[PDB]
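Written below as structure tokens is the structure these notes are about.
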Amino acid sequence: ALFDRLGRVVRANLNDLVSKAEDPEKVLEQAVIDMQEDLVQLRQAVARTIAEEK
Amino acid sequence: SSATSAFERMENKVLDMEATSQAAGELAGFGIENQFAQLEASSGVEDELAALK
Amino acid sequence: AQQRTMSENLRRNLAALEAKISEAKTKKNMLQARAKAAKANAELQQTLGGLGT
């Protein structure tokens, strides 16, 4: 069970490192913007088949 | 000389394995008469329905 | 007559081959899904058991 523990240590340390750099407000705004762009993409994806129906 | 004299026997003895395989497969795979019996059976009722219609 | 006999034998062997083909066709679609279900069950057991770390 050595390999498993080493892998969990590595992942936990990487998670902590990337979590100490996560600004709440800025990354929240960026996540909202990403959600908006994903929505646009999805809407185009749906229109693709909305056309095939006609 | 006359390679036929030997080749023909070679093929004749390969025909022996061929016939053995055929016999095994047929003994394990008798389904033809039964299939035709099912065909006759179904055709009877189908003709009855055709006459009814 | 023997030519006809060989033809019949080969026809039956063809039928058998096609039957085994259909068998494999029917097995393939579901054996892979079962293989993946087994892997998912193994992952669940690994997450459940306290074996190792």
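In the structure tokens, the first chain shown is A, the next is B, and so on; residue numbers restart at 1 for each chain, and ligands run from 1 in the order shown.
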Quiz item: Which chain B residues are at most 9 Å from chain C (counting only C-alpha atoms), as JSON, numbers by chain?
Solution: {"B": [19, 22, 25, 26, 29]}
Quiz prompt | Which residue of C:51, C:35, C:15, C:42 approaches residue 1 of chain A most closely, using only C-alpha atoms | solution = C:51
Practice problem: For atom CA of residue 28 of chain C and atom CA of residue 43 of chain C, determine how far apart the two atoms are, in Å to one decimal place. | Solution: 23.3 Å
Under the rule of at most 10 Å, produce a per-residue listing of chain A near chain C: chain, number, name, the closest pair of atoms, and the distance in Å, as CSV, using only C-alpha atoms.
```
residue,atom,partner,partner_atom,distance
A:1,CA,C:52,CA,5.1
A:2,CA,C:53,CA,8.3
A:3,CA,C:53,CA,9.5
A:4,CA,C:53,CA,6.7
A:5,CA,C:53,CA,6.7
A:8,CA,C:53,CA,9.6
```
For the selection just defined, write its residues with C-alpha atoms to a file, as a CSV table (one decimal), in the first residue's frame.
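The new file part08.csv reads:
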```
chain,number,residue,atom,x,y,z
A,1,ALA,CA,0.0,0.0,0.0
A,2,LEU,CA,3.0,2.2,-0.5
A,3,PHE,CA,2.3,3.4,-4.0
A,4,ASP,CA,-1.3,4.3,-3.1
A,5,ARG,CA,-0.1,6.4,-0.2
A,8,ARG,CA,-2.5,10.3,-2.4
```
Quiz prompt | Gap from atom CA of residue 49 of chain C to atom CA of residue 12 of chain A - Å, one decimal | solution = 21.1 Å
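Here atom CA of residue 11 of chain C stands at a distance of 16.0 Å from atom CA of residue 20 of chain B.
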